[PDB]
């Protein structure tokens, strides 16, 4: 998920601009729902995943809000001690305590039902049991018991009208989520929200701990410690699921790292340089990031260094020289099927070889393959989510910085050989594979373009539409599932706020019994790829100006 928020000093012809690109994959009907709410203290517009009560993306006339995923470590695993002489009991504080258990039966259409038991301890649900070691693994969540509290906090923030009132809700949000704020006055703010555990000293939160009692959480840390910033001296707030704050620890997921190499640097770079940003320019960052090869920046220096003393004709050099000629932005050809430049394919091949030669070779099977991915792996139907710098890349990158990296290299990932020797070996491999496909002239390489699929299955992998309803976009774009922009105090417009969104494939997923698609089934699909947008309406006037249909119900209780 990405976002950039632009303050008073950095905005141009406006006081603040907030651009939001949540990444949840692409689906049909659309992942998020468009909705306006007016009454009972609420005056809001925007859109929101699965039509939650609370709008995760929107504004109320005075302020606007948004989100990107936090990835703080708010889950730990407790190793519960059991005895073979007591089914359903675990030891805690010197006494044997009963597990909670419920029975579930799964009804199967045209099939025999299956029944099983869910177990639960003090710390949480049981996720696995190893009778051999007489241990059970229980998953403790800091946000446990605060799920609906969090639902409601999302909703009540929509009423807030300044930083104080809004942070009061942020503090009641327990899921590990990044929260963003902008207002009419041109103030901007950020809060890395959530419940986070107060751990015992010496608790390594990347690994399990005993659940026998001495390693139980002290409690939850206060909101006071959650990373936050209001009107920073930078003038902007930028995020792409990167670290919120220096020395803040990330999720314990092995495949997830905040390090020297982070894709957010692609946004930082655009935003620095231009001292100010109009609305159009701020929305145009999406296009730019959509197409940015994320790896070029990280490795081209090492590649240049490595191939300097080769002959100009050496094919390995022809590859690096060609990358050096590239602006690192991918565009499709007129055929609608190949990339104008072959740079991504090159980096992929090289990196794949590079990783096998370094990180993977340092990690025992069957674990090394956790680090073998380049970040470009796809099929015809395209990536299913965002593109990123792979775990392996990030670890490699630290090795290439050598002494410049803060991470001590306990193992030399280059096996005591110069980095240069390995880099070349990998270039050789890439050249070998690519020339065999495309021939010996890099200028005549038409590499495959990544495509985009609006899937008929939801992210659970459960059908939410008929297979036919799935939709194909020629060009993959490393952008939000939706995008929205809110502009504050536009010096041009009459109104105090302007806001746009795009909900592809369209607002409705309704198909009549005879098969007639709604008029709003598909009407934002082409707008999405175009980098287009539609206006969002708040005021009763503007909502009346652009009406199409009107229904009135008499309800009670």
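Numbering follows the first chain given and starts at 1.
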Review point. Where do the C-alpha atoms have the higher mean temperature factor in this entry, in 341 to 349 or in 467 to 475?
Key: 467 to 475
Check your understanding: Which has higher Cα B-factors on average according to the PDB entry: 240 to 248 or 183 to 191?
Key -> 183 to 191
Review point. Among 367, 397, 217, 89, which carries the highest Cα B-factor?
Key: 89
Revision key, fill the gap. Residue set 199, 161, 156, 291, per-entry CA B-factor max assigned to 161
Review point. Of the three thirds of its chain by CA temperature factor, lowest, middle or highest, which one includes residue 444?
Key: middle
Check your understanding: In terms of the CA temperature factor given in the entry, to which third of its chain does residue 485 belong: lowest, middle or highest?
Key -> highest
Review point. How does residue 73 rank on Cα B-factor within its chain, lowest, middle or highest third?
Key: lowest
Study note, to complete from the structure: Temperature factor at the Cα of residue 275, chain-ranked in thirds, falls in the highest
Review point. Split the chain's modelled residues into thirds by Cα B-factor; is residue 46 in the lowest, middle or highest one?
Key: highest
